[PDB]
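S.K.: The structure's right below; bear with me while I get my questions together.
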Amino acid sequence: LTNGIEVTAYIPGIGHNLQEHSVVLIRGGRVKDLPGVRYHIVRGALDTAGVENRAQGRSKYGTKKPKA
Amino acid sequence: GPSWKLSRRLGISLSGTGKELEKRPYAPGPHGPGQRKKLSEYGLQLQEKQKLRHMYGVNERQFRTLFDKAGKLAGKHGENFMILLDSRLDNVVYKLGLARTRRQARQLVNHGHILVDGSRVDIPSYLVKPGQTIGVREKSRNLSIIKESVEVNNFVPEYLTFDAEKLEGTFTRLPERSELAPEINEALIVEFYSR
Amino acid sequence: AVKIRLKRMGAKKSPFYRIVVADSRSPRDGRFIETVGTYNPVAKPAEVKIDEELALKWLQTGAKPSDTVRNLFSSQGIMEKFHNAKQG
Amino acid sequence: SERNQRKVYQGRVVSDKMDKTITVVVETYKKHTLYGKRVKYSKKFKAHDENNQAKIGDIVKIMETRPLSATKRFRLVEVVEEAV
RNA sequence: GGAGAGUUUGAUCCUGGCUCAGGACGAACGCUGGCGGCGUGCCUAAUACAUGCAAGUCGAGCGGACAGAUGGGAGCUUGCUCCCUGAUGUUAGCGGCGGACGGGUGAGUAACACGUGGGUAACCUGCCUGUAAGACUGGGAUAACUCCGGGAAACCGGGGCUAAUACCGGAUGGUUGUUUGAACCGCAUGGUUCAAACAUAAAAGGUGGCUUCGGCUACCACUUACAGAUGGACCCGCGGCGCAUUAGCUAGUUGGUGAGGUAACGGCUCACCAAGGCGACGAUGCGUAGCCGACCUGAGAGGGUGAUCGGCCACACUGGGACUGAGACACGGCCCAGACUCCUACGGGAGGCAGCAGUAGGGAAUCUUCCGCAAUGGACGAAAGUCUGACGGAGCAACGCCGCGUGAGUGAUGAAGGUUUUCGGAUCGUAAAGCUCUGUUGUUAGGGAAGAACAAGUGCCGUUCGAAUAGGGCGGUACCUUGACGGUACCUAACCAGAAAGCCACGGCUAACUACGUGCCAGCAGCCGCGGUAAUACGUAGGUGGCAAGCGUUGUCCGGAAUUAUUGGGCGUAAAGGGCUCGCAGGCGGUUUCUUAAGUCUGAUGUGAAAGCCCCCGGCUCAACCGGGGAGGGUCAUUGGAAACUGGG
RNA sequence: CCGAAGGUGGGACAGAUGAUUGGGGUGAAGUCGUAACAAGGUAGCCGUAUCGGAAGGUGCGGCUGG
């Protein structure tokens with residue numbers, strides 16, 4: 001992070017953009033299933049693209065209102 | 001706004017008429033004509049709260065602030081909140097008999113202008129104090145919608161007095177909640193906002 | 001030094017002025033010594049309210065009003081009472 | 001027009017050893033903000049003895065005054081009860 | 001004014017934590033986005049700043065200037081060019097006043113910094129009032145201006161000249177000091193008033209008008225004293241923090257005498273002595289922090305916060321210093337040292353956005369290099385005026401709150417189409433279309449406020465000055481003026497449902513369900529926990545529900561949580577009785593009575609500013625908001641009653 | 001004389017980092033035993049000493065929570 005701390009975050013939605021050395025915005029969200037992981041990567045952030053093929057739960061996972 | 005749908009879901013005639021529940025008394029939808037289950041305490045309080053707020057068409061910001069201001073008055077709490085939503089000016093237009101719904105009475109206060117004690121009111125949420133002679137200006141003096149609702153004769157409630165031609169609506173002392181609504185259960189809504 | 005001066009109160013587009021005994025040093029809306037009543041400009045008529053005796057009390061210890069506060073004193077008529085006191 | 005009255009205490013002498021002065025324990029005692037029960041606190045003041053007519057264990061009145069030195073703001077009034 | 005629910009088990013009751021349902025943000029993020037009002041908008045780097053402004057003003061203090069031409073003449077080409085001192089305007093410099101206010105920031109600061117209450121016989125206070133005495137008589141310089149000389153500049157030095165309301169002598173003075181008498185009064189030092197003498201301590205003129213030219217007067221200014229007012233100082237009671245895995249800390253520290261110093265008391269500073277001072281009621285040390293009115297939550301007690309607004313504080317690139325001035329040890333002043341940026345002719349110079357805009361950086365993250373001094377303040381001026389990034393406004397951002405919207409009445413062919421179906425239909429559902437109709441908003445086009453009162457200039461009238469109807473002050477009228485916002489809010493007419501809805505959830509808590517795909521994969525999740533081919537929990541569609549130009553997630557507060565229990569919990573076995581004693585400090589105290597009045601209760605007085613919460617009315621089209629009026633809040637100070645209880649004798 | 005900064009010096013506190021190390025937690029059906037729960041096949045536990053790959057054993061005293 002920008003304070004200097006390495007934490008394991010989580011990438012919630014289905015199929016993610018990220019590589020190594022990717023800019024990531026992190027919110028606080030506990031992932032109970034995987035131990036040691038207590039943040040979420042905000043989807044729709046600086047470089048973490050909005051997820052693919054999603055229409056329900058639009059604002060979470062980042063995707064724009066597609067078209068109709 | 002469908003507004004038949006609101007009535008058949010809430011299970012109450014929100015106009016108060018033989019319409020909108022005859023031929024289809026179940027709630028809406030694909031899960032409606034089957035035997036629905038009874039609601040919990042939460043569901044009953046929501047039903048009664050939304051019976052009242054879908055009678056008057058209020059958003060919960062105004063509905064909560066009138067709940068609070070009614071708490072700042074004296075007496076019984078849920079009676080005073082009924083009284084404040086029966087001082088609301090769309091309700092005044094539809095209970096003087098100048099519209100067939102409260103949406104038509106909303107459009108009368110919003111643009112098809114109507115007047116209190118003089119100049120004008122463009123605002124449905126105007127709380128109407130007593131003693132206030134409510135009429136229309138000489139521009140919209142008698143036009144087709146107010147003309148129809150004058151031709152149709154409803155009862156004037158005893159907390160109102162209404163004229164046909166001069167069309168001034170004047171008031172009395174206070175609307176007692178015996179007069180206001182038989183179907184809406186108050187003090188389940190006080191309990192709904194008690195939590 | 002000590003000056004009876006208007007003090008801004010009210011909303012943005014609708015001003016209001018409390019006629020307020022303050023110092024020239026102190027800020028306009030800030031600290032002040034005592035107040036006399038009010039001044040509504042934005043009424044389409046008149047409506048000034050001056051205490052008219054405690055204002056008179058501050059005038060005599062030495063507190064010279066601003067121009068608009070002075071002519072409000074003249075409108076209620078305290079500068080004539082002050083001139084009658086100096087002619088006394 | 002009698003002028004304004006200065007603060008006055010009564011107390012108890014801790015020490016005599018400073019030159020022409022004493023210190024005095026005022027035992028006024030007061031209650032809490034929260035639990036309400038009334039607890040005690042001892043406040044020792046520096047007070048001037050211009051005659052040095054004091055002893056340890058002496059009930060004495062003190063007057064407040066202008067600051068007589070560092071930490072001194074008090075003087076004697078009436079030496080009430082002497083130590084035994 | 002007080003709601004609970006899931007989860008330890010095969011089942012249960014307790015204990016017990018965890019998790020959820022709420023309200024809030026100076027919030028950010030994601031999806032989405034219509035307006036109007038009012039508020040708010042670098043929380044992070046007290047990081048660094050390009051540029052533009054943010055403090056000047058007075059020609060009624062002064063000298064010199066620049067123009068200018070009322071008349072006066074000048075030389076000729078009809079194109080022009082001066083020289084006398086009219087008004088008239090312009091202001092480098094002296095000088096006075098201001099720059100110490102206003103605006104920013106919260107780094108420091110854990111103690112008089114602040115809040116509250118006092119005390120000053122221990123104090124200062126320009127400008128402002130009000131009253132009383134005055135304002136005499138001279139002197140010598142200097143800026144400007146020139147003439148040199150030195151400097152890259154910054155600028156500096158030398159000789160000349162000149163004025164003041166500049167500065168300095170001098171007279172007269174009820175100050176101040178000394179000395180001697182009194183008189184009365186306290187709270188220890190002491191206080192107030194009277195008299196005398198000695199020693200000094202003032203001051204300035206400018207404008208207008210009257211005129212016998214000596215002067216006389218008003219206004220402003222000057223000096224001294226005494227009050228008021230205002231601002232400032234210092235001192236004390238109480239109060240608001242975490243750690244004891246910080247227990248010992250001080251030596252100008254703790255007192256004295258004397259001196260200096262200060263506006264003043266004081267180890268504030270110094271000499272000389274004494275061995276003191278603070279301390280488990282938490283000294284010292286470390287960490288954190290501007291404090292408060294208030295703000296959020298809560299039934300309240302409390303807990304958290306210290307944005308905006310308002311008071312006090314501290315700071316001004318870092319540390320130190322003084323100067324001047326009434327007041328600074330001075331944000332846009334100075335001198336020095338350090339770092340940084342810049343210029344240099346290498347000798348030396350300049351700078352300080354934590355003023356309003358803006359830039360770069362840090363960051364999840366917060367705005368315009370705008371218009372105006374019209375209004376309210378300020379500074380100066382006799383005033384007109386000038387200055388004013390305070391302030392009025394304007395712009396950007398749904399950042400918040402509030403209000404109006406995206407239609408309305410009628411409508412069964414329950415149209416098409418979606419989804420589902422035991423294929424009878426059910427549903428999206430009167431919701432579309434049909435008919436009728438409004439125009440808030442959208443747009444076009446006209447009309448157009450309050451915010452303005454004034455100042456100043458005239459004319460009156462009363463009045464004080466005056467040698468006087470001059471002339472000026474003071475008061476009342478009676479006119480003529482003044483808008484950045486802005487042809488903005490606002491009103492009126494025309495037109496079309498036309499431009500205007502999304503977000504989240506649907507197992508339970510928790511309102512809201514089906515279908516298709518997946519197959520312990522993809523994934524969801526706050527918890528219980530879903531999903532391994534019949535998934536109401538995953539993804540999609542339909543539907544429903546919640547709200548609504550918002551919605552959801554996050555981060556922190558508070559509640560829920562009686563889960564720090566004072567209100568309001570516990571310790572046989574669930575966590576918890578010291579292994580037990582002797583005891584210091586502390587806490588608690590059987591009975592009768594007298595007395596006291598610290599606690600307690602009660603009264604009066606002051607005060608706890610304004611805004612805020614609350615009550616009551618009023619104005620904005622309602623609302624938010626504004627405004628008026630009141631209430632509330634102290635273990636607060638002084639003062640007066642009670643004596644049951646606690647305490648004292 | 002005072003005096004900011006700077007200089008020298010010896011200590012005090014605090015954060016990193018350090019070959020190596022010691023205990024701790026969590027993890028794919030790993031290895032060795034089976035110490036405890038029943039009289040858990042030697043009743044268990046508490047304190048203490050000692051020994052032992054390891055749970056543990058043994059002594060002494062105490063406890064029933066036999």
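Each chain in the structure tokens gets a letter, A, B, ..., in the order shown, and its residues are numbered from 1; ligands are numbered from 1 in order too.
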Let's see if you can do this: from backbone DSSP, list all strand (DSSP E or B) residues in segment 2-72 of chain C, as a ChimeraX atom specification.
M.R.: /C:2-10,15-23,34-35,38-39,48-49
S.K.: Using only C-alpha atoms (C1' of nucleotides), which residues sit within 10 Å of segment 55-60 of chain A once same-chain residues fewer than 6 positions away are excluded, as a list in words?
M.R.: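 Neighbouring residues, sequence-local ones excluded: residues 12, 13, 42, 43, 44 and 66 of chain A; 30, 31, 32, 503, 504, 505, 539, 540, 551, 552 and 553 of chain E.
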S.K.: Any idea what's packed within 12 Å of residue 23 of chain B, counting only C-alpha atoms (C1' of nucleotides), ignoring anything in its chain fewer than 6 positions away? Could you give it as a list in words?
M.R.: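 Contacts, in chain order: residues 8 and 33 of chain B; 412 and 414 of chain E.
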S.K.: Could you please select, counting only C-alpha atoms (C1' of nucleotides), the residues of chain D within 8 Å of chain E and state them as an MDAnalysis selection string?
M.R.: chainID D and resid 4:7 17:21 28 30:31 34:36 40:42 63:70 73 75
S.K.: Could you write out the selected residues, including N, CA and C atoms, as a PDB file, in the first residue's frame?
M.R.:
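Printed below is out17.pdb as written:
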ATOM      1  N   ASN D   4     -13.979  44.842  47.786  1.00  0.00           N
ATOM      2  CA  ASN D   4     -14.285  43.436  47.588  1.00  0.00           C
ATOM      3  C   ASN D   4     -13.448  42.573  48.519  1.00  0.00           C
ATOM      4  N   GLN D   5     -14.017  41.453  48.933  1.00  0.00           N
ATOM      5  CA  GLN D   5     -13.440  40.636  49.989  1.00  0.00           C
ATOM      6  C   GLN D   5     -12.543  39.570  49.376  1.00  0.00           C
ATOM      7  N   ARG D   6     -11.365  39.371  49.961  1.00  0.00           N
ATOM      8  CA  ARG D   6     -10.465  38.360  49.435  1.00  0.00           C
ATOM      9  C   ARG D   6     -10.823  36.983  49.978  1.00  0.00           C
ATOM     10  N   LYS D   7     -10.328  35.965  49.285  1.00  0.00           N
ATOM     11  CA  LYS D   7     -10.561  34.582  49.666  1.00  0.00           C
ATOM     12  C   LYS D   7      -9.858  34.266  50.980  1.00  0.00           C
ATOM     13  N   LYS D  17       9.731  25.159  58.519  1.00  0.00           N
ATOM     14  CA  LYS D  17      11.176  25.221  58.362  1.00  0.00           C
ATOM     15  C   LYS D  17      11.612  26.338  57.422  1.00  0.00           C
ATOM     16  N   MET D  18      10.720  26.823  56.563  1.00  0.00           N
ATOM     17  CA  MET D  18      11.116  27.921  55.694  1.00  0.00           C
ATOM     18  C   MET D  18      11.136  29.215  56.492  1.00  0.00           C
ATOM     19  N   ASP D  19      11.965  30.157  56.050  1.00  0.00           N
ATOM     20  CA  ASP D  19      12.196  31.414  56.759  1.00  0.00           C
ATOM     21  C   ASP D  19      10.945  32.272  56.660  1.00  0.00           C
ATOM     22  N   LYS D  20      10.372  32.562  57.826  1.00  0.00           N
ATOM     23  CA  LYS D  20       9.179  33.376  58.032  1.00  0.00           C
ATOM     24  C   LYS D  20       7.942  32.900  57.290  1.00  0.00           C
ATOM     25  N   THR D  21       7.826  31.622  56.937  1.00  0.00           N
ATOM     26  CA  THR D  21       6.617  31.123  56.294  1.00  0.00           C
ATOM     27  C   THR D  21       6.243  29.752  56.818  1.00  0.00           C
ATOM     28  N   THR D  28     -10.843  20.911  52.649  1.00  0.00           N
ATOM     29  CA  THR D  28     -12.152  20.952  52.016  1.00  0.00           C
ATOM     30  C   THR D  28     -12.269  19.789  51.049  1.00  0.00           C
ATOM     31  N   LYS D  30     -15.048  16.975  48.669  1.00  0.00           N
ATOM     32  CA  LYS D  30     -16.098  17.164  47.673  1.00  0.00           C
ATOM     33  C   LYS D  30     -16.371  15.885  46.889  1.00  0.00           C
ATOM     34  N   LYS D  31     -17.436  15.886  46.083  1.00  0.00           N
ATOM     35  CA  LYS D  31     -17.888  14.636  45.485  1.00  0.00           C
ATOM     36  C   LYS D  31     -17.585  14.572  43.991  1.00  0.00           C
ATOM     37  N   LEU D  34     -19.425  11.231  38.721  1.00  0.00           N
ATOM     38  CA  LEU D  34     -20.071   9.997  38.298  1.00  0.00           C
ATOM     39  C   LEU D  34     -20.629   9.192  39.463  1.00  0.00           C
ATOM     40  N   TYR D  35     -19.812   8.822  40.452  1.00  0.00           N
ATOM     41  CA  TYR D  35     -20.300   7.903  41.476  1.00  0.00           C
ATOM     42  C   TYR D  35     -21.022   8.639  42.594  1.00  0.00           C
ATOM     43  N   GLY D  36     -20.778   9.937  42.733  1.00  0.00           N
ATOM     44  CA  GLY D  36     -21.559  10.759  43.629  1.00  0.00           C
ATOM     45  C   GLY D  36     -21.107  10.801  45.070  1.00  0.00           C
ATOM     46  N   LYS D  40     -12.151  12.970  49.897  1.00  0.00           N
ATOM     47  CA  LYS D  40     -11.391  14.076  50.455  1.00  0.00           C
ATOM     48  C   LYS D  40     -10.077  14.329  49.725  1.00  0.00           C
ATOM     49  N   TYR D  41      -9.648  15.592  49.749  1.00  0.00           N
ATOM     50  CA  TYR D  41      -8.390  16.029  49.161  1.00  0.00           C
ATOM     51  C   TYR D  41      -7.783  17.109  50.035  1.00  0.00           C
ATOM     52  N   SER D  42      -6.465  17.066  50.180  1.00  0.00           N
ATOM     53  CA  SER D  42      -5.715  17.967  51.039  1.00  0.00           C
ATOM     54  C   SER D  42      -4.885  18.924  50.195  1.00  0.00           C
ATOM     55  N   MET D  63      -5.377  34.403  54.760  1.00  0.00           N
ATOM     56  CA  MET D  63      -5.955  35.323  53.793  1.00  0.00           C
ATOM     57  C   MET D  63      -5.190  35.140  52.493  1.00  0.00           C
ATOM     58  N   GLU D  64      -5.873  35.270  51.366  1.00  0.00           N
ATOM     59  CA  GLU D  64      -5.144  35.319  50.111  1.00  0.00           C
ATOM     60  C   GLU D  64      -4.674  36.743  49.896  1.00  0.00           C
ATOM     61  N   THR D  65      -3.681  36.916  49.033  1.00  0.00           N
ATOM     62  CA  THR D  65      -3.127  38.243  48.813  1.00  0.00           C
ATOM     63  C   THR D  65      -2.446  38.313  47.454  1.00  0.00           C
ATOM     64  N   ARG D  66      -1.701  39.397  47.266  1.00  0.00           N
ATOM     65  CA  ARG D  66      -0.802  39.519  46.135  1.00  0.00           C
ATOM     66  C   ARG D  66       0.308  38.478  46.265  1.00  0.00           C
ATOM     67  N   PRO D  67       0.902  38.023  45.159  1.00  0.00           N
ATOM     68  CA  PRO D  67       1.937  36.981  45.252  1.00  0.00           C
ATOM     69  C   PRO D  67       3.194  37.482  45.946  1.00  0.00           C
ATOM     70  N   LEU D  68       3.478  36.885  47.107  1.00  0.00           N
ATOM     71  CA  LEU D  68       4.526  37.371  47.999  1.00  0.00           C
ATOM     72  C   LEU D  68       5.901  36.880  47.572  1.00  0.00           C
ATOM     73  N   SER D  69       5.967  35.703  46.956  1.00  0.00           N
ATOM     74  CA  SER D  69       7.133  35.238  46.217  1.00  0.00           C
ATOM     75  C   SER D  69       6.640  34.176  45.251  1.00  0.00           C
ATOM     76  N   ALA D  70       7.576  33.382  44.745  1.00  0.00           N
ATOM     77  CA  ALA D  70       7.210  32.142  44.078  1.00  0.00           C
ATOM     78  C   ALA D  70       6.443  31.266  45.050  1.00  0.00           C
ATOM     79  N   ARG D  73       1.000  33.028  48.057  1.00  0.00           N
ATOM     80  CA  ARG D  73      -0.079  33.978  47.847  1.00  0.00           C
ATOM     81  C   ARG D  73      -0.946  34.175  49.082  1.00  0.00           C
ATOM     82  N   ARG D  75      -1.346  34.760  53.670  1.00  0.00           N
ATOM     83  CA  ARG D  75      -0.799  35.268  54.923  1.00  0.00           C
ATOM     84  C   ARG D  75      -1.696  34.875  56.089  1.00  0.00           C
TER      85      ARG D  75
END
S.K.: Return as a PyMOL selection string the residues belonging to chain C that are within 8 Å of chain E, counting only C-alpha atoms (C1' of nucleotides).
M.R.: chain C and resi 1-2+5-8+10-12+14-15+23-28+30-31+41-44+60-64+67-68+71-72+79-80+83-84+87
S.K.: Run DSSP on the backbone and tell me which residues of chain C come out as helix (DSSP H, G or I); list them as a ChimeraX atom specification.
M.R.: /C:54-62,67-76,78-86
S.K.: Using the selection just defined, write its residues with N, CA and C atoms as an mmCIF file, in the first residue's frame.
M.R.:
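Written file, selection_11.cif:
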data_model
loop_
_atom_site.group_PDB
_atom_site.id
_atom_site.type_symbol
_atom_site.label_atom_id
_atom_site.label_comp_id
_atom_site.auth_asym_id
_atom_site.auth_seq_id
_atom_site.Cartn_x
_atom_site.Cartn_y
_atom_site.Cartn_z
ATOM 1 N N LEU C 54 -31.233 52.002 26.511
ATOM 2 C CA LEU C 54 -29.893 51.470 26.730
ATOM 3 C C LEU C 54 -28.958 51.925 25.619
ATOM 4 N N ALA C 55 -29.510 52.124 24.423
ATOM 5 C CA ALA C 55 -28.800 52.814 23.355
ATOM 6 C C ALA C 55 -28.428 54.229 23.768
ATOM 7 N N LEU C 56 -29.380 54.934 24.378
ATOM 8 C CA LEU C 56 -29.136 56.253 24.948
ATOM 9 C C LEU C 56 -28.085 56.198 26.051
ATOM 10 N N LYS C 57 -28.072 55.107 26.825
ATOM 11 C CA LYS C 57 -27.085 54.931 27.885
ATOM 12 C C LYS C 57 -25.685 54.776 27.315
ATOM 13 N N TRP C 58 -25.565 54.084 26.179
ATOM 14 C CA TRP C 58 -24.248 53.909 25.573
ATOM 15 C C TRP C 58 -23.794 55.145 24.826
ATOM 16 N N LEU C 59 -24.731 55.957 24.327
ATOM 17 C CA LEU C 59 -24.343 57.172 23.613
ATOM 18 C C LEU C 59 -23.660 58.174 24.529
ATOM 19 N N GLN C 60 -24.002 58.161 25.811
ATOM 20 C CA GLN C 60 -23.535 59.221 26.690
ATOM 21 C C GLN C 60 -22.193 58.881 27.325
ATOM 22 N N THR C 61 -21.848 57.593 27.411
ATOM 23 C CA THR C 61 -20.516 57.226 27.891
ATOM 24 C C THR C 61 -19.464 57.520 26.837
ATOM 25 N N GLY C 62 -19.903 57.680 25.598
ATOM 26 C CA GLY C 62 -19.062 57.998 24.473
ATOM 27 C C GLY C 62 -18.991 56.799 23.569
ATOM 28 N N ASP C 67 -23.032 55.530 10.260
ATOM 29 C CA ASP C 67 -23.920 56.466 9.576
ATOM 30 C C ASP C 67 -25.339 55.923 9.481
ATOM 31 N N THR C 68 -25.467 54.646 9.138
ATOM 32 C CA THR C 68 -26.779 54.026 9.039
ATOM 33 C C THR C 68 -27.372 53.780 10.422
ATOM 34 N N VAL C 69 -26.539 53.439 11.404
ATOM 35 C CA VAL C 69 -27.058 53.306 12.764
ATOM 36 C C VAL C 69 -27.455 54.672 13.318
ATOM 37 N N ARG C 70 -26.695 55.720 12.973
ATOM 38 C CA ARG C 70 -27.060 57.077 13.380
ATOM 39 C C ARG C 70 -28.393 57.504 12.785
ATOM 40 N N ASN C 71 -28.633 57.198 11.513
ATOM 41 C CA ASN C 71 -29.887 57.669 10.949
ATOM 42 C C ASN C 71 -31.047 56.749 11.333
ATOM 43 N N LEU C 72 -30.751 55.532 11.801
ATOM 44 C CA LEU C 72 -31.800 54.750 12.458
ATOM 45 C C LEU C 72 -32.147 55.315 13.829
ATOM 46 N N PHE C 73 -31.134 55.768 14.581
ATOM 47 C CA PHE C 73 -31.387 56.501 15.819
ATOM 48 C C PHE C 73 -32.224 57.740 15.565
ATOM 49 N N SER C 74 -31.984 58.411 14.437
ATOM 50 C CA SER C 74 -32.776 59.581 14.082
ATOM 51 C C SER C 74 -34.200 59.195 13.715
ATOM 52 N N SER C 75 -34.371 58.040 13.058
ATOM 53 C CA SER C 75 -35.707 57.594 12.674
ATOM 54 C C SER C 75 -36.548 57.263 13.895
ATOM 55 N N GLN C 76 -35.978 56.533 14.863
ATOM 56 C CA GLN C 76 -36.687 56.349 16.128
ATOM 57 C C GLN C 76 -36.646 57.610 16.973
ATOM 58 N N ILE C 78 -33.620 59.109 18.794
ATOM 59 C CA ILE C 78 -32.826 59.125 20.022
ATOM 60 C C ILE C 78 -31.750 60.200 19.938
ATOM 61 N N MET C 79 -31.351 60.588 18.724
ATOM 62 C CA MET C 79 -30.370 61.664 18.605
ATOM 63 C C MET C 79 -30.974 63.004 19.007
ATOM 64 N N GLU C 80 -32.291 63.159 18.848
ATOM 65 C CA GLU C 80 -32.954 64.354 19.362
ATOM 66 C C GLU C 80 -33.003 64.337 20.880
ATOM 67 N N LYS C 81 -33.199 63.157 21.472
ATOM 68 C CA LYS C 81 -33.150 63.042 22.925
ATOM 69 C C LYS C 81 -31.741 63.299 23.440
ATOM 70 N N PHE C 82 -30.736 62.886 22.671
ATOM 71 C CA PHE C 82 -29.348 63.117 23.043
ATOM 72 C C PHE C 82 -28.991 64.593 22.921
ATOM 73 N N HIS C 83 -29.539 65.271 21.914
ATOM 74 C CA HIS C 83 -29.292 66.698 21.784
ATOM 75 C C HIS C 83 -30.057 67.496 22.829
ATOM 76 N N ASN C 84 -31.215 66.993 23.264
ATOM 77 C CA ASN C 84 -31.921 67.618 24.378
ATOM 78 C C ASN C 84 -31.160 67.424 25.678
ATOM 79 N N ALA C 85 -30.478 66.288 25.819
ATOM 80 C CA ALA C 85 -29.663 66.068 27.006
ATOM 81 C C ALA C 85 -28.417 66.946 26.995
ATOM 82 N N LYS C 86 -27.847 67.196 25.816
ATOM 83 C CA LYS C 86 -26.682 68.077 25.764
ATOM 84 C C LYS C 86 -27.090 69.535 25.913
#
S.K.: Distance atom CA of residue 79 of chain D-atom CA of residue 62 of chain D, one decimal place?
M.R.: 8.9 Å
S.K.: Please list as a list in words every residue within 6 Å of segment 10-15 of chain D, counting only C-alpha atoms (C1' of nucleotides) and excluding residues in the same chain fewer than 6 positions away.
M.R.: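 In the requested format, the answer is residues 22, 23, 24, 25, 26, 56, 57, 58, 59, 60 and 61 of chain D.
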S.K.: Neighbours of residue 240 of chain E within 12 Å (only C-alpha atoms (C1' of nucleotides); same-chain residues fewer than 2 positions away dropped), as an NGL selection string?
M.R.: (:D and (33)) or (:E and (110 or 114-116 or 238 or 291-292))
S.K.: Could you check how far atom CA of residue 43 of chain B sits from atom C1' of residue 549 of chain E, in Å to one decimal?
M.R.: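 Computing the Euclidean distance for atom CA of residue 43 of chain B and atom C1' of residue 549 of chain E yields 27.7 Å.
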S.K.: Between atom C1' of residue 195 of chain E and atom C1' of residue 171 of chain E, what is the distance, to one decimal in Å?
M.R.: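 Straight-line distance from atom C1' of residue 195 of chain E to atom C1' of residue 171 of chain E works out to 26.3 Å.
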S.K.: With a distance cut-off of 12 Å and only C-alpha atoms (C1' of nucleotides), select the neighbouring residues of segment 179-191 of chain B, excluding the residue or stretch itself and same-chain residues fewer than 5 positions from it, and output the selection as a PyMOL selection string.
M.R.: (chain B and resi 10-16+41-56+63-64+66-68+70-71+76-87+91+95+156-160+174) or (chain E and resi 3)
S.K.: Near residue 359 of chain E, within 10 Å and counting only C-alpha atoms (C1' of nucleotides), which residues show up once chain neighbours fewer than 4 positions away are dropped, as a list in words?
M.R.: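 Selected residues are residues 49, 50, 51 and 369 of chain E.
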S.K.: Would you kindly report the residues of chain B within 6 Å of chain E, using only C-alpha atoms (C1' of nucleotides), as a list in words?
M.R.: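 For chain B, the answer reads residues 2, 29, 30, 104, 110, 111, 112, 121 and 126 of chain B.
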S.K.: Just C-alpha atoms for this one: save the residues we selected as a PDB file, in the first residue's frame.
M.R.:
ATOM      1  CA  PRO B   2     -49.916   1.730 -11.322  1.00  0.00           C
ATOM      2  CA  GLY B  29     -47.911 -11.348  -9.248  1.00  0.00           C
ATOM      3  CA  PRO B  30     -47.005 -14.974  -9.901  1.00  0.00           C
ATOM      4  CA  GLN B 104     -55.065  14.547  -9.650  1.00  0.00           C
ATOM      5  CA  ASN B 110     -48.454  21.559  -8.284  1.00  0.00           C
ATOM      6  CA  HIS B 111     -49.395  23.265 -11.544  1.00  0.00           C
ATOM      7  CA  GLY B 112     -53.147  23.430 -12.224  1.00  0.00           C
ATOM      8  CA  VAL B 121     -49.544  27.493  -3.345  1.00  0.00           C
ATOM      9  CA  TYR B 126     -48.237  22.512   2.548  1.00  0.00           C
TER      10      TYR B 126
END
